[PDB]
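Okay, so here's just one chain, in structure tokens, the form deposited in one PDB entry.
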């Protein structure tokens, strides 16, 4: 599936360059019909664990939500599976690292948190957990209408948590997401819930504002789990707005079964902005 420059998919999508890879590969391609560039994500037709089909189903389920890429097309063929979707821009991990001290201002952090919370509530509203919420899976828009909006990417680790509602949890479930942002529950092999996506958001926002997490330099997953289990998470909030204590206590109180109080978390962000005079139309840090 290493497609050369000027390769053309279904007589419509002309590959320009590889822009991601691993699971599968991601290409920037030109849509020969609509004449915009698009993101073209491919999965080898021989690779054993085939998840691109569920990624498409979640992406279709989310069409019409904010912070979701447009679905453009998909196809299954003898060599690879693919999905074509709206192309987005810079991801939040790269944007954070390009900041002079590797931190965002509280204005950018809080306003990003509002959008990421909206994204998470959206995928949960269609019956799925993301299970890999992290800053490289959010990308800012690249159009006049979208450049102040971030977009949720990569449903490859998603799991449906409804049956037809809340699905019976497995007694012990394997963890396969990203260690740095994973909740304690994910580390302890508990079946993941909506609250564990919100834990990842909590950790992301602390890292945005403080610039690091205490276990960042430990790559042993089991060690990181024990560190998080023992860590006094209120220490994470020493230089955060005090409303974040509300967010921490809420998600700490949740189990697999209980619907999060997304509105409570949104009000943490909204109240934090009001206390500080932060306005929704402020420049983001990367805007010059």
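For the two forms, the rigid core is made up of the largest set of C-alpha atoms that agree within 1.5 Å on superposition. Residue numbers count along the first chain shown, from 1.
Not pictured, yet referred to below: the form deposited in another entry.
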C-alpha displacement of 2 Å or more between the shown form and the other one on the rigid core, among 252, 32, 246, 57: 32
Is_shifted residue 97 between the shown form and the other one (CA, 2 Å cut-off, rigid core): no
Large Cα move at residue 15 between the shown form and the other one, threshold 2 Å, rigid core: yes
Displaced residue check between the shown form and the other one: residue 181, CA, 2 Å or over, core reference: no
